[PDB]
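Asker: Chains as they are written, first to last, in the authors' numbering: chain B, 1 to 171; chain A, 1 to 171; chain C, 1 to 171; chain D, 1 to 171.
Heads up, the beta-carbon is just placed ideally off N, CA and C, and yes, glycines get one too.
One structure is given below, represented as structure tokens, and several questions about it will come after.
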Ligand SMILES: CC(=O)N[C@@H]1[C@@H](O)[C@@H](O)[C@@H](CO)O[C@H]1O
Ligand SMILES: CC(=O)N[C@@H]1[C@@H](O)[C@@H](O)[C@@H](CO)O[C@H]1O
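Right, here's the structure in full:
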């Protein structure tokens with residue numbers, strides 16, 4: 001139960017995550033939604049992405065010393081959304097300028113010469129639908145690429161090609 | 001006009017469904033949701049489940065000569081909802097007394113023993129929530145076991161037992 | 001056997017009911033009858049009542065979004081008994097405890113400071129009489145007031161006074 | 001600042017309630033609120049209203065054999081809010097569809113052709129305010145009239161008009 005019409009999100013407890021120690025709140029409602037990639041390994045099964053989420057999060061917690069996996073939500077090619085910091089705790093995905101003002105959903109893998117399956121693009125869009133439903137996102141939310149906000153190669157050539165197609169994508 | 005925010009469904013193309021030849025339309029809103037099991041093999045990868053999807057569909061088309069897979073939606077252990085007949089077409093699944101007034105969803109497997117995984121339960125609940133938001137189901141909706149409406153073990157002793165707890169289950 | 005001889009009931013057809021969508025049934029022989037009032041306006045001609053019965057049903061299925069008027073029968077100040085959900089299908093007129101084990105005859109009007117005409121009192125005792133003969137009520141059924149099982153004023157102060165008189169009444 | 005800062009609810013003990021035997025739990029935050037009226041006599045002294053609260057409570061516990069007064073909270077014309085079964089316990093006030101997803105506040109008296117004092121109206125809105133402050137009510141909660149969800153005259157045409165006025169009132 002993560003309040004009405006919330007498009008199937010795999011809870012933290014389910015992907016065996018460590019406890020977030022993040023105390024910073026996100027002044028709701030969020031306007032921007034920054035899309036990124038982990039540039040890490042990709043996975044096509046629920047089984048292997050729950051390990052992959054673990055991988056991404058321990059690297060953020062044990063090694064870089066943050067309080068939690070830096071993204072608000074991680075997306076798998078297995079077609080599911082893995083819950084990271086969720087809708088309320090502030091992200092660490094795009095720099096001081098955007099972290100307090102936007103949500104970061106990141107696709108799990110490297111997308112320079114690989115495209116993500118439709119099942120995971122479907123997942124992402126359906127995450128945003130529920131975003132609005134709960135009111136964490138403003139019906140009129142804007143979708144920028146990681147490129148758009150920071151000197152970075154991510155989300156990756158082939159996915160920056162597609163997110164551009166998305167109705168809410170602002171230039 | 002009225003979709004608050006829906007859910008993520010694997011459309012027929014993606015699972016490579018034979019063309020539907022059904023024409024009987026279900027009258028909107030529907031009031032009854034009937035939960036059942038295919039009592040066949042289970043699957044936890046999006047790849048195998050797209051296969052299992054074709055299996056149920058074809059045994060129902062090439063052997064029972066029905067116009068399409070019997071269910072409206074199919075539920076995978078992969079955590080995904082597969083599109084069968086959808087929200088608009090009557091689809092053979094619980095007797096002529098119930099087929100025209102209920103939507104039939106079916107977890108893919110024999111849950112006589114085994115419980116389906118949390119993500120499959122989420123996949124289905126989110127699916128009904130989408131139904132209400134789309135206006136295809138009514139807020140009122142009643143979930144019913146396959147066994148409650150016709151003489152069979154069908155939801156599965158252990159799955160039936162779970163759906164008894166759900167918010168909307170009536171006698 | 002021995003023609004039951006009690007049907008002076010106006011059919012769902014004759015008063016123009018919307019089609020019912022209810023399917024849950026009662027087990028005959030049924031043990032309790034619960035008397036309520038519609039607390040709305042009363043009618044005295046068979047023309048004005050078919051109007052009232054259509055109206056009550058409208059408020060049950062259009063407003064509350066119910067499968068059909070919740071009462072099993074409806075008595076009119078016209079002297080006639082109106083088919084509601086009938087002898088077999090389970091009504092929705094007194095809570096989850098009594099609903100499954102009782103008939104819900106309700107007088108159409110507000111009997112707080114009125115008495116229902118004798119011709120109605122008589123149609124009611126007649127109905128119950130019929131129920132015993134068809135076998136739908138136990139020879140020795142128990143009558144009860146709506147207020148006896150719910151915090152309401154139904155079936156009206158003065159009518160409640162009259163039914164406490166009836167031979168099949170029980171606290 | 002922002003602590004609880006709740007209103008003033010006369011506790012059970014002060015009005016000498018009988019021991020609550022109810023055990024079911026509402027799961028906060030609650031989305032719905034239903035406004036009823038006891039449809040009995042009103043009161044305007046904290047002393048006389050404490051009298052009423054026990055009446056209602058005994059009719060509910062020893063006549064209907066219920067585990068506590070049906071309502072969660074009782075508004076009084078003395079200007080105090082009388083604790084019924086509280087913010088946490090499933091109340092019995094509007095059928096099995098709404099009792100588990102809502103909180104029942106009932107104005108002590110009968111408001112067919114009588115408006116409640118401003119005192120009252122302020123007590124009940126303070127109660128709701130307090131209720132969001134505590135996480136017991138969802139911020140975007142909806143208020144419905146009793147009759148809006150059950151065939152009943154309650155809360156009274158007068159009070160019903162007052163409450164469609166309220167923001168949070170829906171359908
Ligand atoms: C450790 C590291 O640098 N990770 C970055 C990642 O954050 C993203 O910017 C990606 C874009 O292609 O490049 C990666 O190298
Ligand atoms: C072939 C066969 O036995 N089919 C039954 C089916 O009719 C139903 O009873 C179902 C209930 O779960 O179990 C199946 O095994």
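Cβ closer than 8 Å: which chain A residues qualify as neighbours of residue 65(C)?
Answerer: Those are 138, 139 and 140, listed as they occur along chain A.
Asker: With a threshold of 7 Å (Cβ to nearest heavy atom), would residue 174(B) be considered close to ligand 1?
Answerer: Because chain B in this structure spans residues 1 to 171, residue 174(B) falls outside the shown range and cannot be described.
Asker: For chain D, find out if any of its Cβ atoms is closer than 8 Å to the Cβ of residue 165(C); answer yes or no.
Answerer: Output row for residue 165(C): interface = no.
Asker: Verify the contact flag: residue 154(B), CB atom, against every heavy atom of ligand 1, threshold strictly below 7 Å.
Answerer: Within the cutoff, so yes.
Asker: Distance cutoff 8 Å, beta carbons only. Does residue 146(C) sit that close to anything in chain D?
Answerer: By this cut-off, residue 146(C) is not an interface position.
Asker: Under the rule that 16 or more other beta-carbon atoms within 10 Å means buried, what is residue 19(D), buried or exposed?
Answerer: By the 10 Å Cβ count, residue 19(D) comes out exposed.
Asker: What I want to know is whether the C-beta of residue 39(A) ends up closer than 7 Å to one or more non-hydrogen atoms of ligand 2.
Answerer: Checking the Cβ of residue 39(A) against ligand 2 gives yes.
Asker: Going along chain D in order, which residues have a C-beta closer than 8 Å to the C-beta of residue 59(C)?
Answerer: The contacting residues are 151.
Asker: Mark residue 51(A) as exposed unless 16 or more other C-beta atoms lie within 10 angstroms of its C-beta, in which case mark it buried.
Answerer: Per the 10 Å Cβ criterion, exposed.
Asker: With the cut-off set at 8 Å, would you say residue 142(A) and residue 33(A) are in Cβ contact?
Answerer: In this structure, residue 33(A) lies closer than 8 Å to residue 142(A) by Cβ.
Asker: What residues in the segment 17-46 of chain A bring their beta carbon closer than 7 Å to a beta carbon of chain C?
Answerer: Within the segment 17-46 of chain A, the residues whose Cβ lies closer than 7 Å to some Cβ of chain C are 31, listed in chain order.
Asker: Put residue 119(D) into one of helix, strand or coil per three-state DSSP.
Answerer: Note: residue 119(D) maps to helix in three-state DSSP.
Asker: Using the beta-carbon count (16 or more within 10 Å), is residue 164(D) buried or exposed?
Answerer: Exposed.
Asker: Entirely within the segment 91-153 of chain B and at least 3 residues each: give me those beta strand (DSSP E) ranges in chain order.
Answerer: If we require 3 residues or more, the beta strand (DSSP E) runs fully inside the segment 91-153 of chain B come out as 102-107 and 137-145.
Asker: Just to make sure I have the definition right: I need the residues of chain B whose C-beta is within less than 7 Å of the C-beta of residue 4(A). Which are they?
Answerer: Per Cβ cutoff of 7 Å: 5 and 133.
Asker: Please go through the same chain and pick out, in chain order, the residues whose beta-carbon is closer than 7 Å to the beta-carbon of residue 15(C), but skip the five residues on each side of it.
Answerer: 50, 53, 54 and 82.
Asker: How many angstroms separate the CA atom of residue 3(C) from the CA atom of residue 107(C)?
Answerer: Roughly 27 Å separates the two Cα atoms.
Asker: Kindly give me the distance between the Cβ atoms of residue 150(B) and residue 95(B), rounded to whole angstroms, as I take these residues to be in contact under 8 Å.
Answerer: Going by Cβ atoms, the distance from residue 150(B) to residue 95(B) rounds to 5 Å, so yes, they are a contact pair.
Asker: Given that a residue counts as buried once 16 or more other Cβ atoms are within 10 Å of its Cβ, and exposed if not, what is residue 157(C)?
Answerer: The residue is exposed, with fewer than 16 neighbouring Cβ atoms inside 10 Å.
Asker: In chain order, what residues of the same chain have a beta carbon less than 7 Å from the beta carbon of residue 168(B), not counting five sequence neighbours either side?
Answerer: Around residue 168(B): 141, 142 and 143.
Asker: If contacts are defined as beta-carbon pairs under 8 Å, then residue 37(D) and residue 109(D) qualify, I think. What distance do you get, rounded to the angstrom?
Answerer: Yes, residue 37(D) and residue 109(D) are in contact; Cβ-Cβ is about 6 Å, under 8 Å.
Asker: For residue 139(D), I'd like the list of residues in its chain whose CB is within less than 6 Å of its CB, leaving aside the five on either flank, ordered along the chain.
Answerer: Same-chain partners within the cutoff: 132.
Asker: Buried or exposed, going by whether 16 or more other CB atoms sit within 10 Å of the CB of residue 10(A)?
Answerer: Counting Cβ neighbours within 10 Å, residue 10(A) comes out buried, since at least 16 surround it.
Asker: Interface residues of chain B around residue 14(A) at Cβ under 8 Å?
Answerer: Result: 118 and 119.
Asker: Sort out for me which residues DSSP pairs residue 25(D) with in a bridge.
Answerer: In DSSP, residue 25(D) forms a bridge with 89(D).
Asker: Within 8 Å of any Cβ in chain D, is that where the Cβ of residue 100(C) sits?
Answerer: Residue 100(C) does not count as touching chain D.
Asker: Using a Cβ cut-off of 8 Å, pull out every chain D residue sitting near residue 70(C), in sequence order please.
Answerer: Correct list: 151.
Asker: Taking 7 Å as the cut-off, is the C-beta of residue 112(B) nearer than that to any heavy atom in ligand 2?
Answerer: Checking every heavy atom of ligand 2 against the Cβ of residue 112(B), none is found closer than 7 Å.
Asker: From the DSSP output, which residues share a beta bridge with residue 74(A)?
Answerer: Residue 74(A) pairs with 82(A) and 106(A).
Asker: With distance defined between alpha-carbon atoms, name the residue in 90(A), 111(A) and 73(A) nearest to residue 105(A).
Answerer: Among 90(A), 111(A) and 73(A), the Cα nearest to that of residue 105(A) is on 73(A).
Asker: Could you pull the DSSP bridge partners for residue 32(C) from this structure?
Answerer: For residue 32(C), which the question treats as bridged, DSSP gives the partners 102(C) and 142(C).
Asker: Which residue marks the beginning of the alpha helix (DSSP H) containing residue 161(B), and which one marks its end?
Answerer: Looking at the DSSP string, the run of the alpha helix (DSSP H) that includes residue 161(B) is 157-163.
Asker: According to the Cβ coordinates, are residue 29(B) and residue 145(B) closer than 8 Å?
Answerer: Cβ distance not < 8 Å, so residue 29(B) and residue 145(B) don't count as in contact.
Asker: Between 159(A), 93(A), 121(A) and 123(A), which lies nearest to residue 68(A) when the distance is taken from Cα to Cα?
Answerer: Considering only alpha carbons, the answer is 93(A).
Asker: From residue 112(B) to residue 87(A), what does the alpha carbon distance come to, in whole angstroms?
Answerer: Approximately 38 Å, taken between the alpha carbons.
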